Each structure stands twice: as C-alpha cells, then as structure tokens.
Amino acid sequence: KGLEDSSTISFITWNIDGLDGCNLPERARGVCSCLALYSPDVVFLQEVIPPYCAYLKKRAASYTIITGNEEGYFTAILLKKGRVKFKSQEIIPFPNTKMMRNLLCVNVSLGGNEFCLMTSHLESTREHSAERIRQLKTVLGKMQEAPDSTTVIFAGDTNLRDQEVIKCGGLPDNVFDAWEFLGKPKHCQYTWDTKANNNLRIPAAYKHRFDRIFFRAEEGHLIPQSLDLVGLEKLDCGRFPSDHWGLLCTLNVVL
C-alpha cells in the first residue's frame, strides 16, 4: 500500500467457524494466508474463540485484535498496525439474544479519515427471525447515531433473508448495501453455499447471502470499488477454512 492507494479502505468480513474444532489450527492458517495475500486494512471476524485469537496472534501478527467477548464465541475486529489508529471500542448489547450475540464497534482513524467500524453475528436460523430483525434494527440505529463527519461501515454475518430486511423498514435512506450498490454481481452473491461448501456435511443444496456490508454515506463520500469472495480453496485436510465464504471489499473515501 502506497500513495496511490491512500484513499481506499480494504477489508475482509468472514465468519470463520471457530465453533468447529475439527482441523481448526489448519483452517486458521488458511484464513491467515488469505489475510497475507490481500493485506486488508481491517478484518471483521465472527465465531472467534479464544484459541483462535492465539492463532491470529501467531500468523496474523501485524493486526491488533479487538474482541466482542472474552469467553465462548464472539466477534473480532482486526486493525492493521501502522495504517489504522485505534481510538476506542464500543459494545452494544442485544438484550434478548439467546446466542450471546452483540454489536462490536471500533472507532479509528485511517487514511486521514475517521471511521466507525461495526460487526455483529446476528441471531442464527430461520426460527429466530424475529430476534434477528430486532438486532438488525439495533445495528441500523447505531449506524445513524454516529456523528455526521464519521464514516460508518458495518460488515458481518447477518443471517438475513431478503424478506426480513423489508420487514425491518428497509435500509434507511443514507445506508447502503455494498453488494446492492455494485449492481448485485452474481459472482459474490452467495456467502454460504452447501452445494459448493461441504464443511457442515449437509446433504442438500441451499445457498444464502448471510454475510453483508452496510455503509452510511452522505452525497457520494464513500464509493464501493470492488467486492469478491475469499476462502473458496480446499486446504490440505480437504476442508474449507469455514462453512462461510469471506468477503473482500475495497471502498474509496471521496471529497
């Protein structure tokens, strides 16, 4: 990263399935090899567990790790040392979660710009639609509450079905979905695909856009440049890094 790339923020968001203990160290090395290949400014992770933090410290040592909890499984935001200045961490509870989910925010400066970076792992499964929708509203409300000078980016595992966003009140007017913004490209539409991904060993073909990126922008100040899947290569053990694909996104901050 040099002068030319200084207006861009790049990040990966990825549910890395730390609850699957099988082959986890190797799969963590797979995630870290991806991080090394693209060297993103920021990484948003879900289903991190404490052992996984140790793997990240070993094989992704150039990132500062901010976590959403201390025990069980939780989210994390990784910040590239030397690029990102950490200002503060905020955690917003989801009072009715049954899965210890919450909203993790880190305030940073990057590229001469102030950011509020947010991630969550919204309540899982079709059956918990109602709570997931309540959590989505919590997220969207927090995005709106940020000071107008701040650039707000949410990236996480939303577990959303398209009908559920409509139930919620849609995305608010100054909030956009990066995939939507980019014209709904087919190549990175599905982030969870049991036909292409066999980590869960589900003997059926279902696919969803569970992982999503929302950003807040007044008059063209944040412009998505690219969106691509990562984590689609089988590792030596014959399994993928996760049951999810990751998302690699680049956005330009414009005057």
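Rigid core: the largest C-alpha set superposing within 1.5 Å between the two forms. Numbers follow the displayed sequence, beginning with 1.
- Comparing 51-59 with 185-193 by root mean square Cα distance to the shown form in 6 other deposited structures of this protein, with the rigid core used for the fit, gives 51-59 as the more displaced stretch.
- Greater C-alpha displacement in 6 other deposited structures of this protein (rigid core superposition, RMS over structures and residues), of 155-163 versus 75-83: 155-163.
- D228, present in the displayed chain, carries coordinates in each of the other PDB entries compared that cover both sides of it, far from a third leaving it out.
- Notably, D41 is never a gap: all other compared entries of this protein, restricted to those modelling both its neighbours, have coordinates for it, so the one-third criterion is not met.
- Set 74-82 against 159-167 and average the Cα temperature factors; 159-167 ends up higher.
- When the C-alpha B-factors of 37-45 and 56-64 are averaged, 56-64 comes out higher.
- Across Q135, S120, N113, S124, the entry's maximum B-factor at the CA atom is seen for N113.
- When the C-alpha B-factors of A178, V175, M99, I153 are read from the PDB record, the largest value belongs to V175.
- Placement of the Cα temperature factor of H187 within the chain: middle third of the modelled residues, per the deposited record.
- Per the deposited record, the Cα B-factor of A196 falls in the middle third when ranked against the other modelled residues of its chain.
- For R216, the recorded CA temperature factor ranks within the highest third of the chain's modelled residues.
- Sort the chain's modelled residues by C-alpha temperature factor and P203 lands in the highest third, per the entry.
- When the modelled residues of the chain are ordered by C-alpha B-factor, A130 sits in the highest third.
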